[PDB]
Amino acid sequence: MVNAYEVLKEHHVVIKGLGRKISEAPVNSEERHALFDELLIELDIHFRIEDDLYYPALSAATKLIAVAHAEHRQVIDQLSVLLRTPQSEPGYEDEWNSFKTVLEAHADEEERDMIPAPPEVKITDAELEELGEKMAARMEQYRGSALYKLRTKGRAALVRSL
């Protein structure tokens, strides 16, 4: 029995783990570049299942929804800055740390304010299980579509889709 909270919390552990592996890999190594692509795929599908399934179910918390959408914009705007400093450039590691900082702050502020749903949200254990099952399925669909974009259209087209 899965539920919406566990889907997001476990996926957060995935994303955080990729962030740690990226940080530990040598700058501009083949290993770090592949790990970063993997993070882009997982970020893409994470924000999508939040925007398309999780936040709508939490829509009653209108102020916290606005904040969460604004924090997604924070992360995406910082990713655009990160992508303008290749790993071969001297200031790359500062840009990566700035990105990692913004991303993990959001995910922590999410587990503060949005998991479990705020008190305004009336959602039952049964609904949370069905929503969790929908999210798990949609994350799989989204990962297939993300991979297809990266594989056939390249990293730039994946980033533009966020």
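A residue's number is simply how far along the shown sequence it sits, counting from 1.
Taking the mean C-alpha B-factor of each stretch as recorded, 22-30 and 123-131 are not equal, and the higher mean is that of 123-131.
Checked against the record, the higher mean CA B factor of 49-57 and 97-105 lies with 97-105. In the deposited entry, the Cα temperature factor of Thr152 sits in the top third of values across the chain's modelled residues. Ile115: CA B factor in the highest third of modelled residues in this chain (values from the PDB entry). Placement of the Cα temperature factor of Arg84 within the chain: highest third of the modelled residues, per the deposited record. Per the PDB record, residue ranking by Cα B-factor puts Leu158 in the highest third of the chain. Compared with the other modelled residues of the chain, the Cα B-factor recorded for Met1 ranks in the highest third.
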